[PDB]
>>> print(open('protein_29.cif').read())   # mmCIF, C-alpha atoms and all ligand atoms
data_data
loop_
_atom_site.label_atom_id
_atom_site.label_comp_id
_atom_site.auth_asym_id
_atom_site.auth_seq_id
_atom_site.Cartn_x
_atom_site.Cartn_y
_atom_site.Cartn_z
CA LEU A 4 0.00 0.00 0.00
CA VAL A 5 0.76 3.62 -0.70
CA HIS A 6 -1.88 6.08 0.81
CA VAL A 7 -1.45 9.48 -0.74
CA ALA A 8 -2.73 12.50 1.15
CA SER A 9 -5.55 14.31 -0.80
CA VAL A 10 -6.89 17.69 0.52
CA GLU A 11 -10.73 17.79 0.78
CA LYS A 12 -11.68 19.58 -2.40
CA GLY A 13 -11.61 23.31 -2.05
CA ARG A 14 -10.87 23.51 1.67
CA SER A 15 -8.35 25.75 3.36
CA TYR A 16 -7.01 26.53 6.88
CA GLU A 17 -10.07 28.51 7.92
CA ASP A 18 -12.46 25.62 7.06
CA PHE A 19 -10.46 23.26 9.38
CA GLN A 20 -10.22 25.93 12.08
CA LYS A 21 -14.08 25.91 12.06
CA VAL A 22 -14.32 22.12 12.67
CA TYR A 23 -11.74 22.63 15.53
CA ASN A 24 -13.73 25.58 16.98
CA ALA A 25 -16.85 23.43 16.82
CA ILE A 26 -15.20 20.39 18.66
CA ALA A 27 -13.75 22.76 21.32
CA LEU A 28 -17.17 24.51 21.89
CA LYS A 29 -18.82 21.15 22.36
CA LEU A 30 -15.95 20.25 24.88
CA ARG A 31 -16.85 23.35 26.85
CA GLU A 32 -20.49 22.52 26.87
CA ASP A 33 -20.60 18.76 27.62
CA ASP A 34 -18.36 19.22 30.72
CA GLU A 35 -20.38 16.77 32.91
CA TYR A 36 -19.27 13.49 31.17
CA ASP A 37 -17.57 10.83 33.30
CA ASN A 38 -18.06 12.62 36.71
CA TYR A 39 -16.94 15.95 35.29
CA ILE A 40 -13.86 14.76 33.58
CA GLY A 41 -15.32 15.91 30.20
CA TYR A 42 -14.81 14.24 26.72
CA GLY A 43 -11.19 15.48 26.22
CA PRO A 44 -9.61 12.21 27.55
CA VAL A 45 -11.77 9.75 25.53
CA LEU A 46 -11.11 11.86 22.35
CA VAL A 47 -7.29 11.66 22.64
CA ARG A 48 -7.65 7.88 23.37
CA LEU A 49 -9.83 7.65 20.10
CA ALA A 50 -7.21 9.50 18.02
CA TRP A 51 -4.37 7.15 19.30
CA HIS A 52 -6.47 3.94 18.79
CA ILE A 53 -7.46 4.75 15.07
CA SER A 54 -3.70 5.44 14.51
CA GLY A 55 -2.28 2.46 16.48
CA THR A 56 -3.48 -0.32 14.24
CA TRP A 57 -0.71 0.73 11.77
CA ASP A 58 1.77 -1.84 10.63
CA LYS A 59 5.04 -0.60 9.04
CA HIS A 60 5.76 -3.87 7.23
CA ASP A 61 2.87 -3.81 4.73
CA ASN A 62 1.49 -0.25 5.28
CA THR A 63 -1.94 -1.52 6.53
CA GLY A 64 -4.05 0.20 9.32
CA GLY A 65 -3.18 3.69 10.69
CA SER A 66 -5.41 6.88 10.65
CA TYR A 67 -5.79 7.30 6.85
CA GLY A 68 -8.77 5.13 6.00
CA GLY A 69 -11.06 6.20 8.82
CA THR A 70 -12.01 2.46 9.14
CA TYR A 71 -13.19 2.60 12.79
CA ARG A 72 -16.52 3.57 11.15
CA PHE A 73 -16.82 -0.11 10.23
CA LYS A 74 -18.34 -2.73 12.57
CA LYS A 75 -15.18 -4.94 12.82
CA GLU A 76 -12.90 -2.22 14.14
CA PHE A 77 -15.75 -0.49 16.07
CA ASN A 78 -16.58 -3.65 18.03
CA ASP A 79 -12.90 -4.61 18.63
CA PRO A 80 -12.67 -5.59 22.49
CA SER A 81 -9.73 -3.10 22.76
CA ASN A 82 -11.96 -0.29 21.61
CA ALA A 83 -14.61 -0.64 24.38
CA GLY A 84 -15.80 2.73 25.60
CA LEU A 85 -14.65 4.70 22.51
CA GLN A 86 -18.29 4.60 21.23
CA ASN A 87 -18.71 7.65 23.49
CA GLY A 88 -16.06 9.64 21.58
CA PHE A 89 -17.72 8.58 18.29
CA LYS A 90 -21.15 9.67 19.49
CA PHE A 91 -19.75 13.08 20.51
CA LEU A 92 -18.17 13.76 17.17
CA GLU A 93 -21.14 12.50 15.07
CA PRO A 94 -23.22 15.86 15.20
CA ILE A 95 -20.01 17.58 14.21
CA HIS A 96 -19.62 15.42 11.11
CA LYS A 97 -23.30 16.27 10.12
CA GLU A 98 -22.40 19.94 10.50
CA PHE A 99 -19.30 19.52 8.31
CA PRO A 100 -20.16 16.63 5.88
CA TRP A 101 -17.15 17.30 3.64
CA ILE A 102 -14.37 16.37 6.24
CA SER A 103 -13.09 12.74 5.94
CA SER A 104 -13.54 10.30 8.96
CA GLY A 105 -9.75 9.86 9.51
CA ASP A 106 -9.28 13.64 9.46
CA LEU A 107 -12.20 14.16 11.91
CA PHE A 108 -11.12 11.34 14.41
CA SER A 109 -7.57 12.61 14.36
CA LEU A 110 -8.41 16.34 14.75
CA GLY A 111 -10.70 15.39 17.73
CA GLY A 112 -7.40 14.42 19.50
CA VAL A 113 -5.46 17.59 18.51
CA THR A 114 -8.38 19.76 19.67
CA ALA A 115 -8.70 17.91 23.06
CA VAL A 116 -4.98 18.26 23.86
CA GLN A 117 -4.78 21.96 23.03
CA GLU A 118 -8.00 22.81 24.79
CA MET A 119 -6.78 20.90 27.96
CA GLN A 120 -3.87 23.40 28.08
CA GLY A 121 -1.49 21.04 26.30
CA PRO A 122 1.14 21.98 23.70
CA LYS A 123 0.24 23.04 20.14
CA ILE A 124 0.24 19.85 17.91
CA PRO A 125 0.79 20.63 14.07
CA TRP A 126 -1.97 18.81 12.15
CA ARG A 127 -2.04 17.86 8.44
CA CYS A 128 -5.24 17.24 6.38
CA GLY A 129 -5.54 14.64 3.60
CA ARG A 130 -6.81 11.28 4.91
CA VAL A 131 -9.28 9.61 2.50
CA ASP A 132 -11.99 7.26 3.66
CA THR A 133 -11.33 3.77 2.30
CA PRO A 134 -13.62 0.72 1.88
CA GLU A 135 -14.92 -1.77 4.50
CA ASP A 136 -12.46 -4.44 3.30
CA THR A 137 -9.44 -2.23 4.14
CA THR A 138 -10.54 -2.47 7.81
CA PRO A 139 -7.64 -4.04 9.93
CA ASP A 140 -8.42 -7.27 11.80
CA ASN A 141 -8.79 -7.09 15.60
CA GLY A 142 -5.75 -7.69 17.85
CA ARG A 143 -3.17 -5.07 16.74
CA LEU A 144 -3.61 -2.80 19.75
CA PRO A 145 -1.49 -3.42 22.93
CA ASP A 146 -2.19 -5.39 26.14
CA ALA A 147 -1.92 -3.66 29.56
CA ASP A 148 -0.86 -6.70 31.58
CA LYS A 149 2.74 -6.79 30.34
CA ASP A 150 6.29 -5.59 30.84
CA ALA A 151 8.77 -3.14 29.31
CA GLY A 152 10.08 -5.64 26.76
CA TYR A 153 6.60 -6.05 25.23
CA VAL A 154 6.03 -2.23 25.23
CA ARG A 155 9.31 -1.64 23.31
CA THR A 156 8.63 -4.45 20.87
CA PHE A 157 5.08 -3.18 20.25
CA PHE A 158 5.99 0.39 19.57
CA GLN A 159 8.60 -0.79 17.05
CA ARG A 160 5.70 -1.91 14.72
CA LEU A 161 4.76 1.84 14.55
CA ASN A 162 8.35 2.82 14.61
CA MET A 163 8.40 4.71 17.73
CA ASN A 164 11.79 4.66 19.63
CA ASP A 165 12.16 5.01 23.49
CA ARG A 166 11.81 8.74 23.97
CA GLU A 167 8.68 8.78 21.66
CA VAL A 168 7.15 5.92 23.69
CA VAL A 169 7.82 7.61 27.05
CA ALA A 170 6.42 11.01 25.79
CA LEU A 171 3.31 9.31 24.26
CA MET A 172 2.58 7.45 27.49
CA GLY A 173 2.50 10.73 29.44
CA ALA A 174 -1.13 11.09 28.10
CA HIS A 175 -2.09 8.49 30.77
CA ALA A 176 -2.29 11.31 33.29
CA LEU A 177 -5.59 12.12 31.49
CA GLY A 178 -8.88 10.41 32.19
CA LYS A 179 -9.11 7.12 34.02
CA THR A 180 -9.36 3.35 33.48
CA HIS A 181 -12.94 2.00 33.82
CA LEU A 182 -13.74 -1.57 34.94
CA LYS A 183 -16.51 -2.41 32.41
CA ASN A 184 -14.33 -1.18 29.45
CA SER A 185 -10.91 -2.68 30.14
CA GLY A 186 -10.99 -4.81 33.42
CA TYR A 187 -9.03 -1.98 35.19
CA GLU A 188 -10.23 0.79 37.55
CA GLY A 189 -9.16 4.17 38.76
CA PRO A 190 -7.47 7.43 37.86
CA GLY A 191 -3.73 8.14 37.49
CA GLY A 192 -3.41 11.43 39.36
CA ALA A 193 -5.30 14.58 40.52
CA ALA A 194 -5.38 16.87 37.40
CA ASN A 195 -6.90 14.37 34.98
CA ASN A 196 -8.42 16.78 32.42
CA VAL A 197 -5.61 19.31 32.29
CA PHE A 198 -2.50 18.25 30.34
CA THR A 199 0.65 18.31 32.61
CA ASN A 200 3.79 16.11 33.48
CA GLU A 201 1.90 14.69 36.45
CA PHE A 202 2.08 11.04 35.20
CA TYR A 203 5.88 11.02 35.53
CA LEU A 204 5.88 12.78 38.96
CA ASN A 205 3.32 10.26 40.31
CA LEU A 206 5.29 7.36 38.93
CA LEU A 207 8.46 8.63 40.71
CA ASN A 208 6.84 9.88 43.97
CA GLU A 209 4.06 7.57 44.98
CA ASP A 210 4.31 4.47 47.06
CA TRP A 211 2.80 1.98 44.58
CA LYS A 212 1.46 -1.37 45.76
CA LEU A 213 0.60 -4.31 43.55
CA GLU A 214 -3.02 -5.42 44.08
CA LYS A 215 -5.63 -7.43 42.23
CA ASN A 216 -8.83 -5.48 41.36
CA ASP A 217 -12.49 -6.60 41.05
CA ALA A 218 -11.84 -7.91 37.51
CA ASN A 219 -8.99 -10.26 38.80
CA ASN A 220 -6.32 -8.22 37.10
CA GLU A 221 -3.31 -6.69 38.66
CA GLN A 222 -2.55 -3.04 38.98
CA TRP A 223 -0.34 -0.78 40.92
CA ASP A 224 -2.36 1.17 43.56
CA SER A 225 -1.25 4.06 45.77
CA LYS A 226 -2.31 5.51 49.15
CA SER A 227 -3.43 8.65 47.37
CA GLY A 228 -6.25 6.97 45.44
CA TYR A 229 -4.33 6.51 42.10
CA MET A 230 -3.55 3.50 39.88
CA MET A 231 -0.95 2.58 37.25
CA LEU A 232 -1.16 -0.26 34.68
CA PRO A 233 1.59 -3.04 34.61
CA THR A 234 2.68 -1.47 31.25
CA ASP A 235 2.82 1.96 32.90
CA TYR A 236 4.78 0.72 35.87
CA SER A 237 7.23 -0.86 33.30
CA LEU A 238 8.63 2.55 32.56
CA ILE A 239 10.45 2.66 35.92
CA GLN A 240 11.51 -1.02 35.78
CA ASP A 241 13.49 -0.38 32.57
CA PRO A 242 16.76 1.65 32.94
CA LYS A 243 16.45 3.29 29.52
CA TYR A 244 12.77 4.36 30.02
CA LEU A 245 13.48 5.45 33.63
CA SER A 246 16.06 8.10 32.65
CA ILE A 247 13.46 9.57 30.27
CA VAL A 248 10.66 9.52 32.89
CA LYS A 249 12.93 11.53 35.25
CA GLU A 250 13.67 14.10 32.60
CA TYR A 251 10.01 14.85 31.93
CA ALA A 252 9.27 14.86 35.71
CA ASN A 253 11.91 17.60 35.98
CA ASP A 254 10.86 19.42 32.82
CA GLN A 255 7.30 19.80 31.61
CA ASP A 256 8.39 21.97 28.57
CA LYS A 257 10.70 19.28 27.26
CA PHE A 258 7.79 16.86 27.80
CA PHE A 259 5.42 19.20 25.73
CA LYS A 260 7.95 19.52 22.91
CA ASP A 261 8.55 15.76 22.69
CA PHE A 262 4.83 14.79 23.06
CA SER A 263 3.91 17.27 20.27
CA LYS A 264 6.46 15.78 17.84
CA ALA A 265 5.62 12.19 18.69
CA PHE A 266 1.80 12.52 18.68
CA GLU A 267 1.84 14.10 15.19
CA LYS A 268 4.18 11.30 14.04
CA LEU A 269 1.71 8.76 15.43
CA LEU A 270 -1.26 10.46 13.59
CA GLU A 271 0.61 10.64 10.25
CA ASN A 272 2.16 7.12 10.06
CA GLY A 273 1.34 5.25 6.82
CA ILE A 274 0.52 8.49 4.87
CA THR A 275 2.53 9.99 2.04
CA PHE A 276 2.32 13.85 1.71
CA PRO A 277 2.99 15.20 -1.87
CA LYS A 278 5.05 18.46 -1.56
CA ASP A 279 2.33 20.42 -3.30
CA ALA A 280 0.32 19.62 -0.12
CA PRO A 281 -0.31 22.40 2.48
CA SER A 282 2.22 22.80 5.36
CA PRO A 283 0.83 21.47 8.73
CA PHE A 284 -1.74 23.78 10.23
CA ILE A 285 -1.25 25.31 13.74
CA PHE A 286 -4.82 25.88 15.06
CA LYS A 287 -5.71 28.65 17.43
CA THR A 288 -7.51 27.81 20.65
CA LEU A 289 -10.96 29.34 21.58
CA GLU A 290 -9.22 31.54 24.05
CA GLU A 291 -6.77 32.77 21.51
CA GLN A 292 -9.73 33.67 19.22
CA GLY A 293 -11.80 35.28 22.07
CA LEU A 294 -14.51 32.60 21.73
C1 LIG A 301 1.21 0.14 25.74
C2 LIG A 301 0.39 1.30 25.54
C3 LIG A 301 -0.90 1.50 26.04
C4 LIG A 301 -1.77 0.64 26.72
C5 LIG A 301 -1.68 -0.85 27.07
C6 LIG A 301 -2.86 1.45 27.06
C7 LIG A 301 -4.01 1.02 27.74
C8 LIG A 301 -5.06 1.76 28.32
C9 LIG A 301 -6.13 1.23 29.02
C10 LIG A 301 -6.34 -0.23 29.41
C11 LIG A 301 -6.96 2.32 29.32
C12 LIG A 301 -8.32 2.32 30.01
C13 LIG A 301 -9.52 2.11 29.10
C14 LIG A 301 -10.85 2.20 29.85
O1 LIG A 301 -11.15 1.35 30.70
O2 LIG A 301 -11.62 3.13 29.59
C15 LIG A 301 -6.31 3.43 28.82
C16 LIG A 301 -6.85 4.73 28.83
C17 LIG A 301 -6.38 5.86 28.12
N1 LIG A 301 -5.36 5.79 27.24
FE1 LIG A 301 -4.01 4.26 27.00
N2 LIG A 301 -2.64 2.74 26.72
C18 LIG A 301 -1.53 2.73 25.98
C19 LIG A 301 -1.08 3.83 25.24
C20 LIG A 301 -1.69 5.08 25.13
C21 LIG A 301 -1.20 6.14 24.37
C22 LIG A 301 0.04 6.08 23.46
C23 LIG A 301 -2.15 7.16 24.54
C24 LIG A 301 -2.25 8.45 24.01
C25 LIG A 301 -1.32 9.12 23.16
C26 LIG A 301 -3.11 6.65 25.42
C27 LIG A 301 -4.19 7.38 25.90
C28 LIG A 301 -5.19 7.02 26.76
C29 LIG A 301 -6.11 7.91 27.31
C30 LIG A 301 -6.19 9.40 27.03
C31 LIG A 301 -6.87 7.17 28.21
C32 LIG A 301 -8.00 7.73 29.08
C33 LIG A 301 -9.40 7.47 28.48
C34 LIG A 301 -10.64 7.85 29.29
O3 LIG A 301 -10.55 8.62 30.24
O4 LIG A 301 -11.73 7.35 28.98
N3 LIG A 301 -2.85 5.40 25.75
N4 LIG A 301 -5.13 3.09 28.26
#
>>> encode(input="protein_29.cif", output="structure tokens", more="lines below")
Ligand code: HEM
Amino acid sequence: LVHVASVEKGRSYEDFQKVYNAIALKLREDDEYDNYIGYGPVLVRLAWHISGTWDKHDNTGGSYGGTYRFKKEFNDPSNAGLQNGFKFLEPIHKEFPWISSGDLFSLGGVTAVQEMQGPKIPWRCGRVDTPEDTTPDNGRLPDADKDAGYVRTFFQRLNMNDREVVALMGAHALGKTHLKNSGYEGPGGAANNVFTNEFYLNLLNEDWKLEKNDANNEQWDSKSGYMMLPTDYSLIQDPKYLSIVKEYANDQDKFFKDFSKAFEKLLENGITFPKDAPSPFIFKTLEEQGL
């Protein structure tokens, strides 16, 4: 496969900035979801799961085809609970029927991060919806019950190196695990709908204790009321990952700069951009626009 980026016919910066402004305004408004966490967390988890099925060996999966729209990928056990992020974005697609699915799912994520006071993520348009038979089979997204060797081996299929994996995993400060979705339960820190380096600081400063939960799975619990997945706790069991964790815990700007770069890379894997194509867009936030 080659998947060439094709701009939605006739659209420019300002059209895209209007879909962003509309996702951000609905984030403002539906602020009660998940005990007042808001939809920002489930929207960045949707943008990483439509991108994470990519395989570098044969160019299949990835954000291009918008294939989550199909039953097979939608009903994937690893995608439980994302139906909420889909439902949120659905009125927005009716308001802007020209944007592709891959471009909408992926800009949902960019919008959520920047509105949650995260860094600016450059975003590129051009994904083209592809047929139901391009839909990747289930089982390409990662297990939580595993160690640092699995994490490193997994992220190599998406060719992410160590620093990229540690920066990408800093998004687990956001939101929470939920027992009926994934067999895991609990939040990862205090500020779970603001984007900060809190995940690293909690991983280095809490007294974590291994316990089984109501699903019969293990997780790392702390006195404070927080949890960490086995795969999250892996980042301090590996000496290479641990020097990176410490760096971000001492420097939130360096974390913002590396998350920005790696999140964009994750959203654009498997896509070729012609150089006639527009430069990546930097969208303004509501606040920046006085809205
Ligand atoms: C080895 C890697 C990863 C594993 C095993 C993993 C697994 C999980 C699991 C089990 C949950 C809880 C789902 C639920 O019950 O609702 C979760 C939540 C979440 N994940 Fe990951 N994750 C990984 C990587 C990432 C990456 C790379 C990102 C983002 C760039 C990410 C973002 C999120 C977000 C934002 C949530 C919170 C969702 C919510 O509040 O509903 N994850 N993760």
>>> residues_near_ligand(input="protein_29.cif", ligand="ligand LIG 301 (chain A)", cutoff="6 Å", atoms="all atoms listed in the file", output="compact mmCIF listing (two decimals) with C-alpha atoms, in the coordinates of the input")
# COMPACT_ATOMS: atom_id res chain seq x y z
CA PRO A 44 -9.61 12.21 27.55
CA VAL A 45 -11.77 9.75 25.53
CA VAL A 47 -7.29 11.66 22.64
CA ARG A 48 -7.65 7.88 23.37
CA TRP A 51 -4.37 7.15 19.30
CA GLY A 84 -15.80 2.73 25.60
CA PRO A 145 -1.49 -3.42 22.93
CA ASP A 146 -2.19 -5.39 26.14
CA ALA A 147 -1.92 -3.66 29.56
CA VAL A 154 6.03 -2.23 25.23
CA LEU A 171 3.31 9.31 24.26
CA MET A 172 2.58 7.45 27.49
CA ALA A 174 -1.13 11.09 28.10
CA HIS A 175 -2.09 8.49 30.77
CA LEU A 177 -5.59 12.12 31.49
CA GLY A 178 -8.88 10.41 32.19
CA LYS A 179 -9.11 7.12 34.02
CA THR A 180 -9.36 3.35 33.48
CA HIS A 181 -12.94 2.00 33.82
CA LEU A 182 -13.74 -1.57 34.94
CA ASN A 184 -14.33 -1.18 29.45
CA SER A 185 -10.91 -2.68 30.14
CA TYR A 187 -9.03 -1.98 35.19
CA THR A 234 2.68 -1.47 31.25
>>> residues_around(input="protein_29.cif", residues="residue 275 in chain A", least_positions_apart="3", cutoff="10 Å", atoms="all atoms listed in the file", output="short mmCIF file (atom, residue, chain, number, x, y, z; two decimals) with C-alpha atoms, in the coordinates of the input")
data_model
loop_
_atom_site.label_atom_id
_atom_site.label_comp_id
_atom_site.auth_asym_id
_atom_site.auth_seq_id
_atom_site.Cartn_x
_atom_site.Cartn_y
_atom_site.Cartn_z
CA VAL A 5 0.76 3.62 -0.70
CA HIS A 6 -1.88 6.08 0.81
CA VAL A 7 -1.45 9.48 -0.74
CA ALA A 8 -2.73 12.50 1.15
CA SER A 9 -5.55 14.31 -0.80
CA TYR A 67 -5.79 7.30 6.85
CA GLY A 129 -5.54 14.64 3.60
CA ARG A 130 -6.81 11.28 4.91
CA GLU A 271 0.61 10.64 10.25
CA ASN A 272 2.16 7.12 10.06
CA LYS A 278 5.05 18.46 -1.56
#
>>> atom_distance(input="protein_29.cif", atom1="CA of residue 27 in chain A", atom2="CA of residue 189 in chain A")
25.9 Å
>>> residues_around(input="protein_29.cif", residues="residue 42 in chain A", least_positions_apart="5", cutoff="12 Å", atoms="all atoms listed in the file", output="PyMOL selection string")
chain A and resi 26-37+47-49+84-92+111-112+114-116+118-119+177-179+195-197
>>> atom_distance(input="protein_29.cif", atom1="CA of residue 126 in chain A", atom2="CA of residue 270 in chain A")
8.5 Å
>>> residues_around(input="protein_29.cif", residues="residue 74 in chain A", least_positions_apart="3", cutoff="12 Å", atoms="all atoms listed in the file", output="compact mmCIF listing (two decimals) with C-alpha atoms, in the frame of the given file")
# COMPACT_ATOMS: atom_id res chain seq x y z
CA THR A 70 -12.01 2.46 9.14
CA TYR A 71 -13.19 2.60 12.79
CA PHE A 77 -15.75 -0.49 16.07
CA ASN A 78 -16.58 -3.65 18.03
CA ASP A 79 -12.90 -4.61 18.63
CA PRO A 80 -12.67 -5.59 22.49
CA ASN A 82 -11.96 -0.29 21.61
CA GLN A 86 -18.29 4.60 21.23
CA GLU A 135 -14.92 -1.77 4.50
CA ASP A 136 -12.46 -4.44 3.30
CA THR A 138 -10.54 -2.47 7.81
CA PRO A 139 -7.64 -4.04 9.93
CA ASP A 140 -8.42 -7.27 11.80
CA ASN A 141 -8.79 -7.09 15.60
>>> closest_residue(input="protein_29.cif", among="A:201, A:188, A:194, A:164", to="residue 214 in chain A", atoms="only C-alpha atoms")
A:188
>>> closest_residue(input="protein_29.cif", among="A:63, A:20, A:133, A:162", to="residue 268 in chain A", atoms="only C-alpha atoms")
A:162
>>> atom_distance(input="protein_29.cif", atom1="CA of residue 158 in chain A", atom2="CA of residue 269 in chain A")
10.3 Å
>>> closest_residue(input="protein_29.cif", among="A:243, A:97, A:60, A:123", to="residue 273 in chain A", atoms="all atoms listed in the file")
A:60
>>> closest_residue(input="protein_29.cif", among="A:72, A:257, A:12, A:127", to="residue 280 in chain A", atoms="all atoms listed in the file")
A:127
>>> residues_around(input="protein_29.cif", residues="residue 203 in chain A", least_positions_apart="2", cutoff="12 Å", atoms="only C-alpha atoms", output="PyMOL selection string")
chain A and resi 169-176+191-192+199-201+205-209+231+235-236+238-239+244-255+258
>>> closest_residue(input="protein_29.cif", among="A:267, A:132, A:18, A:58", to="residue 98 in chain A", atoms="all atoms listed in the file")
A:18
>>> closest_residue(input="protein_29.cif", among="A:128, A:232, A:204, A:151", to="residue 274 in chain A", atoms="only C-alpha atoms")
A:128
>>> residues_around(input="protein_29.cif", residues="residue 53 in chain A", least_positions_apart="5", cutoff="8 Å", atoms="all atoms listed in the file", output="short mmCIF file (atom, residue, chain, number, x, y, z; two decimals) with C-alpha atoms, in the coordinates of the input")
data_model
loop_
_atom_site.label_atom_id
_atom_site.label_comp_id
_atom_site.auth_asym_id
_atom_site.auth_seq_id
_atom_site.Cartn_x
_atom_site.Cartn_y
_atom_site.Cartn_z
CA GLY A 65 -3.18 3.69 10.69
CA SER A 66 -5.41 6.88 10.65
CA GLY A 69 -11.06 6.20 8.82
CA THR A 70 -12.01 2.46 9.14
CA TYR A 71 -13.19 2.60 12.79
CA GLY A 105 -9.75 9.86 9.51
CA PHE A 108 -11.12 11.34 14.41
CA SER A 109 -7.57 12.61 14.36
#
